[PDB]
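> Here is my input; please provide its structure:
(chains A, B, C, D, E, F, G, H, I and J)
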Amino acid sequence: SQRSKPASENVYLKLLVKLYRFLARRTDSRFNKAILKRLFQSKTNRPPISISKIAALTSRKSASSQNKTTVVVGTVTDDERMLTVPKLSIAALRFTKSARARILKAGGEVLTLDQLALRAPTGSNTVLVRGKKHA
Amino acid sequence: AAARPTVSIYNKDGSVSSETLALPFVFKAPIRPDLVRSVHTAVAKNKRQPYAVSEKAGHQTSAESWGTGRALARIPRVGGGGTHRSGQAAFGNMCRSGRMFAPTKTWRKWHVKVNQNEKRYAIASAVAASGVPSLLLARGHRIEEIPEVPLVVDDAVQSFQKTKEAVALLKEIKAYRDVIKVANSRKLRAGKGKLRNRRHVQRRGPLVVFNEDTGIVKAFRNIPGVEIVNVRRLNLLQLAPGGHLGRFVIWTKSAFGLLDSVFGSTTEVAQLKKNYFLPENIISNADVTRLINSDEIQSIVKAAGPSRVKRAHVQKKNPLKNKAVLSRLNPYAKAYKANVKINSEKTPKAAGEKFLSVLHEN
Amino acid sequence: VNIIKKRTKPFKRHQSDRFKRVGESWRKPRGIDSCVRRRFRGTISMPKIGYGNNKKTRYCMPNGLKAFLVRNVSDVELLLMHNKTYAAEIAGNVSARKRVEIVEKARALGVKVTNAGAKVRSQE
Amino acid sequence: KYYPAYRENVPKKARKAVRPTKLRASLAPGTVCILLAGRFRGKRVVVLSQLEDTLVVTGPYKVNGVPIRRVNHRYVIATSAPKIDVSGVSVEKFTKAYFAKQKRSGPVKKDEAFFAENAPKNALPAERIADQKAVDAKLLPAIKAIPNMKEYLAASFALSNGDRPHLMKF
Amino acid sequence: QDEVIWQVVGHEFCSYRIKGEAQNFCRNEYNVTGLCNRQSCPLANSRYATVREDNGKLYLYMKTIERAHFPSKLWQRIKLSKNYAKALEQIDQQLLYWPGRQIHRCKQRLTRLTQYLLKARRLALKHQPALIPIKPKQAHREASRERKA
RNA sequence: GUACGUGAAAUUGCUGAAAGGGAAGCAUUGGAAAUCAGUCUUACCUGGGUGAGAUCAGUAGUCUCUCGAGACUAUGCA
RNA sequence: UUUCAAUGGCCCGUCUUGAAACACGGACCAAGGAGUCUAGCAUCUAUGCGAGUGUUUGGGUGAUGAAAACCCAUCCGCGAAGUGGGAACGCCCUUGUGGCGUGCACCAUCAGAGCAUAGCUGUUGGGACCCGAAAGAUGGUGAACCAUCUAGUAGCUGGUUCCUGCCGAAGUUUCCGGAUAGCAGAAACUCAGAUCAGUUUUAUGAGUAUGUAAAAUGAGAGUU
RNA sequence: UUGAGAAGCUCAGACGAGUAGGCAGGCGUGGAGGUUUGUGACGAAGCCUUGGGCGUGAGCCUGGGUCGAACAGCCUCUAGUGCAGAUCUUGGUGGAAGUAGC
RNA sequence: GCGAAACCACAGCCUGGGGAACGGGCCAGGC
RNA sequence: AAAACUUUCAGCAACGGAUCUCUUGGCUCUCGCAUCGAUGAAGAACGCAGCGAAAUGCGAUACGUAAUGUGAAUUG
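Numbering: from 1, shown residues only, chains lettered A, B, ... in the order given. Now the structure:
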């Protein structure tokens, strides 16, 4: 369920695996190889990452997030506890309806994994992130 | 992500009108054959009548075990006499007139639940599939002469009263090729199904979707194959028959204008469904060929290796027998001089008397 | 290109010739103390994947063609481009009214028919 | 009808060039050799010339009646009998086409011989006999010069009891 | 569109597919090869060209992505000359800057459709015995009545 | 043909062929006998003659789409 | 296909047993004939939405079957309640080499992930894979007989139905019917610049061997 | 060079016992939705056959005979779905046997 | 003349050896 | 060694009733309704059908009478 193809029957997920299969072997990037591997992963192994974690991780310590795209192979949920949302650019498999509205109205943009492949085909200036699996 | 902006509305005489309708956002929803056929599988089970055997079948008789060691199987045999039942076994699956193993019960789960949001997703994805002519053809519809897909007709169709009025419209928009297909396909069903009020089978014709009824249902219901439905209660059993996407659907102008309120948009809530938004897609543009073969991506890929590669070394050749392979492996065999004369005319016998004495001992 | 068959004899069920109640169709011997399962000397052979035939020549008739079941004229027209690889085989339930029209159509298409002379006579 | 309708996998370029056949050392022209197979099995004949693969061989017509014929070099035993003078007879006319079977042709129209079967017959032309009459003219004096040669070629070779082909020398 | 259409039709269900053991075939009339592939699917290929025969004349059929939602006007048709050399050039001119695989498959179909028409004309000239069906009821009737006779 | 649609297997009778020193028995390889699939030259290339006709006209019309693309009609067959 | 010749070929299943010996079951053929349905629980996968989630007790509605589909008022259930190594990235610049930063998940050192449905698997109840053990009790009929509870009770007996392919034991340490472990797989992790071995050495010691420490040879290894 | 069912095509090397058990892909049966503009009185299904073919196999296709009204391939759904055994159940039928015997 | 039933994997010469009985099947000998 | 007898194969004839096809039957679910008896019920018996195999119908007015409806049958 994780090795050579996703167990998912979603046709559009198969189209993303097809796109990053090409990017993984025709480029010498470990980002395309890492993204392709995480597309085979199951829902349990792709935890959601909150909109607050993205804001915290980008503006952490020295911050200076500049405009690097935050990439997660998973769902970007919303954190209603945080009140001010920074200007963020996140590419994810799925955004919730509240998270997408909060990101857009509070400055920045939301992307899909195929919109980012056209902006950063080698994944340059990308902040690859993950959700905590402790659950 | 780029689709046709508007659709044309056709009149009763099959002629185009100057009016047009913006394409509703439901036709831009993701098309999910996995999700449509999973929801269809559950919904198709929701009108099943229970069946079960009698609660006493195979146990109506009276029998007892004659015993163990009496040169016969220890299954109980019916008592009494005068009838051939004497000695015949029951209360068991193998025995004739016995209890069949695990008798069927009426409280088997006949119906199955689906989340209401998955159901709305499937119906949205099945409506989107009905705007793709290729999906209509692959599902068995004879739409090769239909003027346009989606096929929208005037609202005057909603007040047809006679079937011959409906047949004239289907012939004017070339939609009768599908009805003729359904009429020709009517066969007697195979199997025991025709002993059980399932006498005949046939194909599915166009699905006519109206807004308000003024005779459209009565004028279309007798045409073999055509199903008439209201835009407010669209049915996945009728939008993906058999779980297959791409039903040929004919809309009236009023039904097509009410699709935006029934389904809403991916950002704006549906008017007729409280707190419902159209599903979003994992990919914005679903043409993977366009992304892969794009200038953005093809400019940074390394030079592609060949396609199916040539077979180097199909057969192993021995250099010690094939002189040509030896010449390739060793660029020195051409000048070797294997036999070189060393001892020409000297050959001095080198064995002193001390060595000879030791050798010639005992 | 010649078709090579690793085996031509079928694999019969063990002890199928001693009993009428036991059919010839191959059944794997589940007995542990069975000599056929342990593959002694003189015991019959069993279906193994080693007997599998060449992929290129698999499903090929001895004449080099692959059978294609045909129920009407529309089926035989599909073999317009594949007449050197496939042979038309009219189904057993197709009537003689349609068998003649399939054979005449398959003649112009240059398609071999495996059972073209069935349920019909000739009249020169 | 000409653009290839199928995949038409062209054969890969083979590397099998045709080089001349190397005949045996003892299969020289003018050698008296025994035919091993055919309708003239056992007959002793005289080798005129070596073709590309076969031997253009003939027994004298008046001696054993073996016309100018091709014989495969594997189907011949080359005896060590004294050689015959063959440099005096031209053998350029003995080519592959000279012995080649006449092309099966004839635009026979429907019926008559096509149906009624009034077929024609074959016959050796006098041209073949004319060339043949020359070779025995240039060969008979050669075989008559040495003793027993005329009687040798007339006889037919055979194996008697207690004859071991591997041991006894030809 | 095309990659979504192919996933739905090429892998879930197409009414045109004949599932054979060695290969899948296509019942579509607009398929050049007659096989079920990604490249030869007329439904999943928005730009598609094929050659088919109408009453003895071969035509080049072409469709573009921009006519995909007008089924009556989807396919355009031109006449291919009886001269083979001119017919090949007609496909080359009409299919200019199309992929070389699509022109290759259209010229291959033109050769097979030309041979079939040639073979159809030669069969008409020849005298071939007419195949007459064997009627199971009449055979049984005549066999029984013969025994009585 | 009311021993009644279809009419399997076990089993029985007759007929034919073959085999047969106290088993059959199956497998592997062939022989013999019987019996089958199992097929063919018929087309290509190049003419020339003769006439034929359109997708050819130093041609005229109509219809459906959209100039030119298909369907036909009349005339010529250079 | 039949038959002949040469060579080979102990009757199948069950139980037993290292193995067999066994003892069982098998006159023959046809048809029937055994892990089912359902409630709960847990893992895993898929799907929907996501700090939420679940329409179907019910109401609204559904003219072409109206037991379907479609819609949702109020509740309620379940959830919410600094330093190192490191994925990935940018910048170099002797450029590879490395260095300089930013450092997810997770592990070492001092910024909620659920809920619902479906399937798989395991498990516990119901008759619970099928056939199997004297009954007992209630009520009747003339100690006996009959009907029902009953599908009563089974650790035990016999049986348990298609094919192919790939993995593949153990048959026992240890505590003590067991909890471990071992053996065999699955998943997630970190690593080939790292470790490992029914290995052989070297030498230190200790008493021809011994253990330990550090050269050859082979294999990418360690985990949870 | 056309060889993109990217679920395809292609190249290379190694390897092949197997009980309990683990895993994967397939064959077949009854019924259901879809489909094949499917097959059928010019003969459906079934059965018979020393006819032919396909598959490693489960099985499948087909000729001939018999027969007389229905039936199948593909995608999906579903289950009372596959037998040589249970001193299995029901039915039929044998050797013992024209025997014991009456 | 009328007429069963038990039983029924299949069989049916010995001699030895064949370790587990092995003789009724296996191996070497006779028939 | 041929016959007989035995065995094997095939043909035909028996035996048997499988399979296939269906079917005025069962089973299950849902919906509407409320109607036995001293004014003799349920049940049992005995009779009547020109004959009815039974079975059904009926009660000495006996496979029914009166009345109404359809309008020409009954039937082996």
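
> what about the strands in chain C?
C:66-70, C:86-90, C:120-121 (DSSP state E).

> right, and those - which one's nearest chain A?
Proximity to chain A (CB to the nearest CB) singles out strand C:66-70 among the strands of chain C, at 30.1 Å. In short, each C-beta sits where N, CA and C put it, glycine included.

> biggest helix in chain E, by residue count?
Secondary structure of chain E read by DSSP state H shows that its longest helix is helix E:100-125.

> Is any residue of that one near chain D?
Yes. Using CB under 8 Å from any CB of the partner chain, we find that helix E:100-125 touches chain D at E:107-112, E:114-115, E:118.

> Tell me which residue is most central in chain D.
Residue closest to the mean C-alpha point of chain D, counted by CA atoms, centre = their mean, is residue D:70 at 1.3 Å.

> one step back: contacts with RNA strand H among the residues of helix E:100-125 next to chain D, please.
Among these, no residue sits close to RNA strand H (CB under 7 Å from any atom of the strand).

> circling back to that earlier point, is any part of the next helix or strand after the longest helix of chain E close to RNA strand H?
Moving toward the C-terminus from helix E:100-125, the next helix or strand (DSSP states H and E) is strand E:132-133. Yes. Judged by CB under 7 Å from any atom of the strand, strand E:132-133 and RNA strand H are in contact via residue E:133.

> Relative to residue B:35, how far out is the residue of chain A found nearest RNA strand J?
Nearest residue of chain A to RNA strand J, counting by CB to the nearest atom of the strand: residue A:9, 34.4 Å away. Distance of residue A:9 to residue B:35, computed by CB to CB, to the nearest Å: 8 Å.

> Measure how buried residue 21 is and give me the count.
If you meant another chain, say so; for now it's chain A. Per other CB atoms under 10 Å in any protein chain shown, the neighbour tally for residue A:21 reads 16.

> please go with chain D instead
Quick note: residue D:21 (other CB under 10 Å) scores 11 neighbours.

> Check residue E:108 too.
Neighbour number of residue E:108 under other CB under 10 Å is 20.

> of the residues of helix E:100-125 next to chain D, closest to residue B:43?
For the residues of helix E:100-125 next to chain D, the minimum distance to residue B:43 (CB to CB) is 43.5 Å, reached by residue E:109.

> The closest one reaches residue E:34, doesn't it?
No. Assessed by CB atoms under 8 Å, residue E:109 is found out of contact with residue E:34, at 9.1 Å.

> Give the residues shared as contacts by the two.
C:80-81 (CB atoms under 8 Å, 6 or more residues apart in numbering or on different chains).

> Please identify which of these two sits among more neighbours.
residue E:109 (26 against 21).

> ok, the more buried one to residue E:53 distance?
10 Å.

> which residues do those two both contact?
What both residue E:109 and residue E:53 touch, as defined by CB under 8 Å, 6+ apart, is an empty set.

> Going C-terminal from the longest strand seen in chain A, what's the next secondary structure element?
If each strand of chain A is counted by residues according to DSSP E, the longest one is strand A:69-77. Downstream of strand A:69-77, the next assigned helix or strand under DSSP H and E is strand A:89-95.

> what about that next one and RNA strand G, any contact?
Yes. Against RNA strand G, strand A:89-95 shows contacts by CB under 7 Å from any atom of the strand at residue A:94.

> who wins for neighbours among the residues of helix E:100-125 next to chain D?
residue E:109 leads the residues of helix E:100-125 next to chain D on contacts (other CB under 10 Å) with 26 neighbours.

> So which residues of the stretch 1-150 of chain B form helices?
B:33-43, B:116-129, B:133-138 (DSSP state H, counting those that start in this stretch).

> near chain B, anything from stretch A:104-124?
Yes. Interface with chain B: stretch A:104-124 contributes A:112-115, A:117-119, A:121-122 (CB under 8 Å from any CB).

> ok so, going back, compare residue A:9 and residue B:35 and say which is more crowded by neighbours.
residue B:35 (21 against 14).

> secondary structure element for the spatially closest residue to residue B:225 that is not a sequence neighbour?
Leaving aside its chain neighbours, residue B:225 sits nearest to residue B:205 (2.3 Å; criterion: CB to CB, 6 or more residues apart in numbering or on different chains). If you go by DSSP H and E, residue B:205 is not part of any helix or strand.

> ok, residue B:205 - how many residues close by?
Neighbours around residue B:205, by other CB under 10 Å: 27.

> And it, how far from chain E?
Plainly put, residue B:205 is 15 Å away from chain E if you go by CB to the nearest CB, to the nearest Å.

> wait, doesn't that residue sit right on residue B:185?
No. Here residue B:205 lies out of contact with residue B:185, judged by CB under 8 Å, at a distance of 10.0 Å.

> Which phi and psi values does residue D:50 adopt?
Torsion angles at residue D:50 (phi, psi; degrees, to the nearest 10) stand at phi -100, psi 120.

> tell me the contacts of it?
Residues in contact with residue D:50 (CB under 8 Å, 6+ apart) are D:23, D:27, D:29, D:56, D:73.

> can you pull up the bridge partners for the fourth one?
Taking DSSP bridges, one obtains residue D:49, residue D:70 as the residues bridged to residue D:56.

> list the contacts for it?
So, once contact is read as CB under 8 Å, 6+ apart, residue D:56 ends up touching D:47-50, D:68-70, D:91, D:94, D:99.

> before we move on, the earlier item: could the residues of stretch A:104-124 next to chain B go into CSV alongside secondary structure?
Below are those laid out as CSV (DSSP: H, G, I helix; E, B strand; the rest coil):
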residue, secondary structure
A:112, coil
A:113, helix
A:114, helix
A:115, helix
A:117, helix
A:118, helix
A:119, helix
A:121, coil
A:122, coil
